[PDB]
Chemist: 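Mind looking over this structure? Questions follow.
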Amino acid sequence: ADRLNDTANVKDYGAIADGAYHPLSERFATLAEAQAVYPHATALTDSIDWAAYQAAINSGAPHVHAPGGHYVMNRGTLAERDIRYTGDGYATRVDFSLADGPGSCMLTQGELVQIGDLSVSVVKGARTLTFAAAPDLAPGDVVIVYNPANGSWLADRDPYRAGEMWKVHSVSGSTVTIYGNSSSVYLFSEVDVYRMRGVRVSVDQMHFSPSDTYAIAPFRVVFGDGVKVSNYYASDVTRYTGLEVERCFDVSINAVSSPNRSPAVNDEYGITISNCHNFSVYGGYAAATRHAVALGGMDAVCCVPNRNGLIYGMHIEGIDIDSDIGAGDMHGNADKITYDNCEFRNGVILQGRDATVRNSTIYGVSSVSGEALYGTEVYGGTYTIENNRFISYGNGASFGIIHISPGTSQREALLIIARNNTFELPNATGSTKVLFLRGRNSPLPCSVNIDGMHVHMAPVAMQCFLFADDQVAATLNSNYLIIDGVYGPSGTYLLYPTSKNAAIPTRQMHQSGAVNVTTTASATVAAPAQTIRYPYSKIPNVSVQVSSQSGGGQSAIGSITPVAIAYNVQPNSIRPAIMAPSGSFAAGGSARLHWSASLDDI
Amino acid sequence: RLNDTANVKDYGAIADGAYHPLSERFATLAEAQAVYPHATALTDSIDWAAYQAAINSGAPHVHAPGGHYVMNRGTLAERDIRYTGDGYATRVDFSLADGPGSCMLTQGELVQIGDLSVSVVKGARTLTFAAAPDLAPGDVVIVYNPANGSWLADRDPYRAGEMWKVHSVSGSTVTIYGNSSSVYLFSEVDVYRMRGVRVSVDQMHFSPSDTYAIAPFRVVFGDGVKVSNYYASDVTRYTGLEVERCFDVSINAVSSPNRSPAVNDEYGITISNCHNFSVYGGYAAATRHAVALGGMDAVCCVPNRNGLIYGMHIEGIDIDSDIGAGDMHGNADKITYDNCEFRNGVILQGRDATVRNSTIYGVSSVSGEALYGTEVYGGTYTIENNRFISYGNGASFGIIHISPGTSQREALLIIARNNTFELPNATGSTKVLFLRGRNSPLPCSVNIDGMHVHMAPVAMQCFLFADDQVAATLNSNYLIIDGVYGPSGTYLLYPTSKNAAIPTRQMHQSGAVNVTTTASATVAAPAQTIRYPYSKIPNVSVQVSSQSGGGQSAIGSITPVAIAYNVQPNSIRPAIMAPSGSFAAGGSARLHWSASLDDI
Amino acid sequence: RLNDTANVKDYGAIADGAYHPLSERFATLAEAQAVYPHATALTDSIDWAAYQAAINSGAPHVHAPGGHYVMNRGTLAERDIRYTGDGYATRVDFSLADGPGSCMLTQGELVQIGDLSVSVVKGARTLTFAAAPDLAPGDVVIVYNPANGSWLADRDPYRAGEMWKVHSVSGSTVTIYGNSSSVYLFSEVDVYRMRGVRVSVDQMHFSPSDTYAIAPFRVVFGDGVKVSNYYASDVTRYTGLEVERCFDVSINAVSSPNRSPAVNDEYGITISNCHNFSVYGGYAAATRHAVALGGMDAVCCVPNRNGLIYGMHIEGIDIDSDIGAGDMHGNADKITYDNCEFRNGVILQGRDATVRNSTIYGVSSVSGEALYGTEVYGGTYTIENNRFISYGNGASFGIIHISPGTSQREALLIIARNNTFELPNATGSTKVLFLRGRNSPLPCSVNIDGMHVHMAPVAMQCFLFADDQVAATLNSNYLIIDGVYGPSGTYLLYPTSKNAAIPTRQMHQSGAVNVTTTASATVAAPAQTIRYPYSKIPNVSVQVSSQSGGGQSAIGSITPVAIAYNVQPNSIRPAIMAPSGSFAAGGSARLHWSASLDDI
Ligand SMILES: [Ca+2]
Ligand SMILES: [Ca+2]
Ligand SMILES: [Ca+2]
Ligand SMILES: [Ca+2]
Ligand SMILES: [Ca+2]
Ligand SMILES: [Ca+2]
Ligand code: NA
Ligand code: NA
Ligand code: NA
Ligand code: NA
Ligand code: NA
Ligand code: NA
Ligand code: NA
Ligand code: NA
Ligand code: NA
Ligand code: NA
């Protein structure tokens with residue numbers, strides 16, 4: 001920068017910003033005259049507000065301030081360097097309604113360039129990269145490995161491609177020390193390697209409205225490193241999205257208010273994070289037709305998964321539509337994304353690998369089923385669902401309240417961890433399934449650990465706490481199904497048994513009871529069948545014992561030493577009994593028959 | 001205006017910490033008014049006159065450079081506005097102001113619209129009006145029940161109602177973002193449109209009126225309100241900050257202490273009748289409530305709802321009528337504290353109240369209640385992953401004490417999972433979780449799973465105490481008490497006539513004891529203590545092995561038949577019997593036992 | 001002051017990334033000093049001279065517009081101050097500065113006051129002085145024990161003490177916000193008053209001295225410190241940011257990487273002897289500790305206390321002496337990490353240390369320890385709702401490894417509830433949680449509940465290993481191991497002579513096996529494997545049913561009597577006996593069993 005100023009105020013550069021379109025023709029008779037002031041002008045139709053804005057950026061000033069006003073922009077702006085954008089709050093409205101075509105937005109874009117190849121394959125947990133020749137990298141650069149094969153992350157969509165970003169600590173010869181560690185295997189002959197020298201971009205106290213005609217965010221950062229978004233507003237988001245960051249590293253978004261209100265067609269996102277690493281979204285209010293927070297991807301080099309994302313302390317709202325979908329998104333190109341301490345009105349999506357939601361209030365979508373947590377684009381790894389309060393008005397019948405359904409694209413074993421959750425299901429029926437695991441010709445094991453599943457307001461026996469099958473295959477491939485720490489209506493199966501899950505090892509909650517009996521003149525005195533509140537999927541492991549009715553001292557019953565046995569054991573009932581060693585009891589004696597049950601295959 | 005930023009000093013402020021009346025500068029009121037037309041009296045301060053002049057320019061951004069502004073009148077803005085200062089050095093001091101509006105007030109728009117024609121059900125995602133409504137996308141629509149106590153009877157201004165942002169309107173049908181928490185009968189509610197103001201404050205320090213109880217910075221009918229890097233001092237009467245009847249409010253990095261006498265309020269920051277609010281990343285301190293969640297008495301004084309308070313350091317002081325530093329008045333629905341520190345105490349009231357992930361101290365009362373609530377609507381009270389520390393005895397009030405009354409409107413469920421309790425002064429009267437209905441009209445049920453008591457020096461009364469203070473019995477669907485640890489002799493549930501009929505699930509326990517046979521038909525082991533006694537006779541098992549665990553069948557010539565010879569809530573005698581005849585004296589065995597309750 | 005915003009370029013800075021000595025502008029030192037009285041030599045840089053001149057103006061707000069400021073001296077401010085820049089483009093570079101104070105320093109006031117007359121107890125909420133104290137509301141009062149190692153003996157500067165904000169003073173009694181974590185004997189402590197500076201920094205980039213180990217931006221004796229949108233680069237020696245002996249510190253959206261050789265420290269950001277601090281919303285990276293929680297050696301170098309680190313991405317690198325990226329030195333009390341990513345490793349040390357809701361990787365050592373601590377005071381170490389991933393073997397050091405020594409001051413309780421452990425390189429020597437006292441003087445007790453091991457390829461050594469490396473026995477009140485899942489053959493607790501006497505509670509297990517009778521008095525099933533072996537003989541039940549579950553009583557002419565024929569820690573033989581005589585061969589039954597331990 002041989003720049004003349006450090007802060008550029010857009011109005012000093014000629015902006016009118018009175019909410020009307022003012023072409024350069026209002027001020028200049030010819031294009032040549034206009035270009036003598038604004039060399040970047042291409043036509044006299046170009047708006048004065050745009051010409052001024054781009055002039056301010058072209059000054060080189062690190063800080064570009066747009067004072068209060070309604071800037072009517074019929075072209076996008078471009079910055080390719082570190083920049084801090086500010087306004088006066090909601091009063092600074094930057095409106096791209098009239099802009100059309102690629103780049104119809106406030107775009108800031110860093111540098112991405114392909115570098116030399118690796119000579120050593122990256123393993124999971126690796127903390128160095130080794131190159132065939134000394135790499136063109138310096139401390140602080142971001143290095144990206146990228147697998148250009150379609151679907152190399154997940155086959156569900158071609159742009160779901162594998163790869164990863166790391167910040168560079170140091171370089172020694174041909175070995176690069178990276179911060180963090182590798183989530184995945186990257187074979188050296190399969191991946192291309194890039195260097196990202198990202199731009200540091202900040203936005204604060206500004207309000208944007210997007211193009212009416214072209215689906216693009218009104219403020220967009222590409223190849224950012226150290227991106228800061230605060231106190232950011234959108235309005236008239238009538239097509240696509242209010243904000244997007246793409247192929248960025250180290251992104252912090254807080255106190256945003258960026259609602260989408262577009263027709264439900266293909267996207268409809270409040271804010272959009274695309275192919276980013278080390279991002280945080282907190283302290284704000286997100287709203288949309290479909291996804292208030294959208295975690296997606298685009299189709300370009302280094303379109304690697306969203307990874308290492310923390311979305312927390314957010315109010316996340318959507319609306320009822322025909323094809324109901326959760327307001328908190330996660331597209332399948334996701335790894336190590338965690339929602340924590342959020343409200344979802346309504347619904348959350350867990351997809352990709354290593355997906356987590358904790359400490360949240362989560363509503364079922366307004367479908368017949370009322371699924372509150374849904375995912376199909378499932379890579380595998382661990383899906384963690386902990387300390388949430390779920391509320392649904394649906395029936396959980398065709399799709400579960402939690403519904404996780406991997407398909408042929410699954411790449412690793414899946415483990416679903418669901419611990420200490422509450423489920424408020426006032427419209428539950430005998431078909432309701434609280435957690436529904438449904439493989440769709442899944443190729444690898446899918447296993448479940450439920451521990452702490454408290455169902456509130458259910459008016460009748462439900463189908464089950466857990467439903468587990470494969471819709472296509474003859475059996476579900478799984479290592480275990482654990483169902484523990486449940487509460488709900490009597491008659492609700494722990495696991496609904498089918499031929500598809502009968503072979504899978506299972507652990508099912510311990511249950512117990514006792515019943516008073518009066519003896520008959522019989523060798524065996526069996527209680528009537530005692531109901532098991534939450535039926536097992538198969539005959540449980542049981543105990544039975546005898547005491548007095550009161551718990552006072554008692555040994556013999558009449559002249560008989562009573563021998564406790566399990567006379568009948570069903571998945572849903574038990575008949576404890578006592579037998580005489582020889583002969584028969586006398587009629588009229590008294591006892592209490594105790595029983596317990598569990599399954600513990602793992 | 002020429003400038004979209006108005007700097008208060010550029011409008012004449014002195015801001016040197018002294019009172020400068022306009023009479024210092026102008027000989028007559030007319031002369032003053034020729035410069036400041038808003039001036040009313042020559043006593044009005046120059047700092048105030050400048051500040052209102054700045055706002056009156058219409059500038060979206062009003063900046064008060066460093067200085068001590070001595071304001072003896074309040075300021076008013078009724079539009080979107082961004083306020084800034086230079087940090088703690090920008091001190092806007094309303095000490096000398098008295099009367100209504102003795103503050104920096106920013107206020108939006110609220111107007112009544114037409115009535116609904118369809119009752120709103122729980123979970124509803126549209127509203128239907130009798131005629132096409134005067135709403136546009138982005139407006140906030142508020143339903144309001146003007147009947148006193150229509151949320152909770154405890155206080156007349158605890159009225160029912162709800163705010164939603166408008167997505168779209170088709171005919172008479174409005175599509176709302178989010179969903180309805182409640183039933184709203186169309187003949188019982190009024191409907192309002194709120195077109196709120198976007199208000200920001202950053203890098204400013206306020207001091208309130210000395211005489212009139214009003215926050216020094218107040219936003220009413222805000223939408224998209226942003227507060228950061230905000231300080232208060234000399235908060236000697238009421239509060240340091242208030243937002244009222246706002247939607248979408250974000251408060252971070254605040255340092256707004258209260259230090260007023262304990263009388264009627266004493267709030268660090270105050271959130272009154274707001275929806276979709278967040279408070280994080282800050283330090284809150286007060287005499288009573290460092291963070292206060294309250295309400296006022298005006299139209300659309302609906303419950304605080306959908307609130308997230310997280311990552312906060314929340315401090316109070318010891319007072320005579322001890323009360324938690326983290327407040328929740330009864331006009332609260334779906335308020336969640338997460339990852340906070342409370343030195344000392346939190347309150348859970350209203351409906352669907354939550355605290356998770358927090359370090360929570362007992363107040364400095366005899367009882368040392370750490371979590372308390374009485375103005376209880378119902379729904380689910382969730383208490384998870386906390387570490388509680390109390391120096392009290394938990395006797396009259398529990399360490400967790402939840403006590404709904406006649407005002408309860410829905411069944412209550414208390415969920416207390418994976419909590420730790422550090423109770424170095426526990427006694428034989430200590431109750432860890434005390435559910436006490438006060439003539440409650442509806443069921444109150446409990447699920448405790450994971451309750452680890454540390455440092456208790458003696459047997460406590462119980463992990464759970466559950467009763468109704470007035471009624472003959474407690475109305476409840478279940479009491480579950482599982483995953484506990486504490487001193488031996490502590491009841492899982494303390495049994496009384498008031499709770500005897502309630503279905504209960506109680507932690508599995510077990511043991512074993514070696515015995516030597518006597519020349520008897522029955523050989524009963526000594527009484528084995530049940531560490532955490534049950535509320536009634538448990539469901540039991542008994543078995544027999546060798547003492548070593550090596551192979552053993554017959555004992556002498558006798559096939560031993562395991563039985564439960566006696567069972568108490570606090571002990572058991574497992575035994576073995578001979579099928580006929582007697583054992584010989586001197587045989588050896590080990591008798592095993594287990595116990596649980598599982599009514600639900 | 002003539003100025004409220006001072007712009008450093010208006011005060012003369014060039015800031016073009018080159019060193020410009022004052023000699024470029026002034027022929028003589030007399031002329032330089034006439035403009036810049038603070039100039040000491042003509043070699044002093046123009047950028048530095050301008051920056052110090054801007055601070056010396058008294059302006060509350062000092063703005064450094066975009067530029068690369070080449071500072072060959074440090075700056076000093078001793079008052080409330082707001083620093084701003086234009087973002088990453090404002091680069092304040094102290095590379096060329098050397099010696100003490102080679103940084104942007106802002107420092108408040110600390111003075112010794114009068115002594116206490118009453119010892120402070122745990123939970124105390126007032127302080128009583130021998131004479132009326134020199135304190136006012138809002139001040140911070142600090143008690144300090146100057147004896148070396150008075151917090152932990154491990155290091156001399158780990159001294160006891162505490163900070164509180166003053167609410168009010170009545171005679172000689174001070175009312176404090178919050179409460180006392182500790183006992184402070186009045187004869188052992190000195191008392192100080194801290195009148196801290198309110199300091200803010202936003203939108204700035206720093207680089208440190210090349211030669212002297214000091215943060216480039218440093219606050220000492222701050223109160224209400226605010227850091228946001230802060231960057232560092234070329235952190236080649238020590239750290240990018242440090243706050244020291246501050247109260248109420250909020251740090252968000254920082255990007256401050258360290259990249260120094262692994263020698264003695266290597267910290268991204270550093271918090272030293274602070275209270276009521278929060279770090280959130282950012283990205284921290286370093287050679288050793290991305291977030292460093294340490295201390296210095298000076299008066300009032302009290303423990304870090306009441307700290308919340310949340311929603312952070314925390315990264316380190318592989319080094320020879322692997323160490324966790326999320327630090328906690330032993331001088332820590334009530335520090336909580338929540339909802340963070342650790343690539344790789346976290347440390348829990350001091351007292352009352354917590355990590356929840358986090359994704360935690362094992363460091364790149366042979367053992368792959370993910371959570372480590374040895375400078376252990378005691379209290380409660382809470383580990384909840386985490387997902388651990390390690391590529392190590394957990395053999396010499398556990399995945400979680402907590403190892404108090406002789407310096408331990410209070411009983412230790414480790415609470416590990418609902419964690420998941422991904423251990424693809426686990427072996428028969430792997431220990432998930434390893435408690436290892438090193439001649440510990442006080443009890444160390446464990447509650448594991450919910451420990452789910454994923455990807456382990458073989459039986460591990462144990463879920464819990466607990467011993468003392470030095471003493472003949474481990475001093476402990478209890479070891480609870482519940483809610484586990486992992487490979488078959490993995491011990492719940494690995495038994496040794498050192499832990500054999502400790503009360504234990506171990507997960508309930510069960511099974512069943514079909515048998516066909518022989519012509520025998522006793523029909524025993526073969527040994528049934530217990531998936532997770534107990535540390536000693538479990539408490540068992542056994543029963544008999546039909547194989548189908550259909551009705552069955554007698555087996556031929558025999559009433560079957562269930563017994564525990566053999567019980568080992570790792571297997572069981574349920575059996576049935578005839579009361580007299582023998583079964584006939586060829587009858588059918590199903591023998592059920594269960595097991596648990598519940599000493600506590
Ligand atoms: Ca669209
Ligand atoms: Ca629908
Ligand atoms: Ca008051
Ligand atoms: Ca008190
Ligand atoms: Ca160093
Ligand atoms: Ca290493
Ligand atoms: Na022309
Ligand atoms: Na119910
Ligand atoms: Na008004
Ligand atoms: Na209108
Ligand atoms: Na309208
Ligand atoms: Na009232
Ligand atoms: Na009405
Ligand atoms: Na034998
Ligand atoms: Na040092
Ligand atoms: Na028996």
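Within every chain, numbering begins at 1; the chains are lettered A, B, ... in the order of the sequence lines, protein sequences first and strands thereafter. One-based numbering, in listed order, for ligands and for the atoms of each. Side chains are part of it too, since the values below use all heavy atoms of this structure and drop only hydrogens, waters and symmetry mates.
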Chemist: Can you list, by chain and residue number, the protein N, O or S atoms under 3.0 Å from the Ca ion (ligand 5)?
Modeler: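 Near the Ca ion (ligand 5), below 3.0 Å, one finds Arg237(C) O, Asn264(C) OD1, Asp265(C) OD1, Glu266(C) OE1, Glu266(C) OE2.
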
Chemist: Mind listing the side-chain donor-acceptor pairs of residues 93-102 of chain C below 3.5 Å, one per line with the distance, residues two or more places apart or on another chain?
Modeler:
from: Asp93(C); atom 1: OD1; to: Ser95(C); atom 2: N; distance (Å): 3.0
from: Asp93(C); atom 1: OD1; to: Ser95(C); atom 2: OG; distance (Å): 2.7
from: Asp93(C); atom 1: OD2; to: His68(C); atom 2: NE2; distance (Å): 2.8
from: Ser95(C); atom 1: OG; to: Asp210(C); atom 2: OD1; distance (Å): 3.4
from: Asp98(C); atom 1: OD1; to: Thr211(C); atom 2: OG1; distance (Å): 2.6
from: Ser102(C); atom 1: OG; to: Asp98(C); atom 2: N; distance (Å): 3.1
from: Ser102(C); atom 1: OG; to: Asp98(C); atom 2: O; distance (Å): 3.1
from: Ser102(C); atom 1: OG; to: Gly99(C); atom 2: N; distance (Å): 3.2
from: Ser102(C); atom 1: OG; to: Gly99(C); atom 2: O; distance (Å): 2.7

Chemist: List in chain and number order the residues that pass side-chain hydrogen bond (donor to acceptor under 3.5 Å, both in side chains) with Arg195(B), two or more places apart in sequence or in another chain; answer none if no residue qualifies.
Modeler: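 Result, side-chain hydrogen bond (donor to acceptor under 3.5 Å, both in side chains) vs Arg195(B): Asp139(B).
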
Chemist: Give a yes or no on this: more than 12 heavy atoms of other residues, nucleotides or ligands lie within 6.0 Å of atom CG of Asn264(C).
Modeler: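 Atom CG in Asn264(C) is crowded, with more than 12 foreign heavy atoms closer than 6.0 Å.
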
Chemist: Salt bridge (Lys or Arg N to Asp or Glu O under 4.0 Å): which pairs involve residues 231-240 of chain C, sequence neighbours left out?
Modeler: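 For residues 231-240 of chain C, and leaving out neighbouring residues, the salt bridge (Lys or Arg N to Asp or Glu O under 4.0 Å) pairs sorted by first residue read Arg91(C)-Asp234(C), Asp234(C)-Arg259(C).
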
Chemist: Given 3.5 Å as the limit, does a donor-acceptor pair link the side chain of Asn260(A) with the main chain of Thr289(A), or not?
Modeler: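 Here the side-chain-to-backbone pair exists.
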
Chemist: Can a donor-acceptor pair be found, under 3.5 Å and without considering hydrogens, that links the side chain of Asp49(A) to the backbone of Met73(A)?
Modeler: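 Not at all, since once roles are kept as given, no pair shorter than 3.5 Å links the two residues.
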
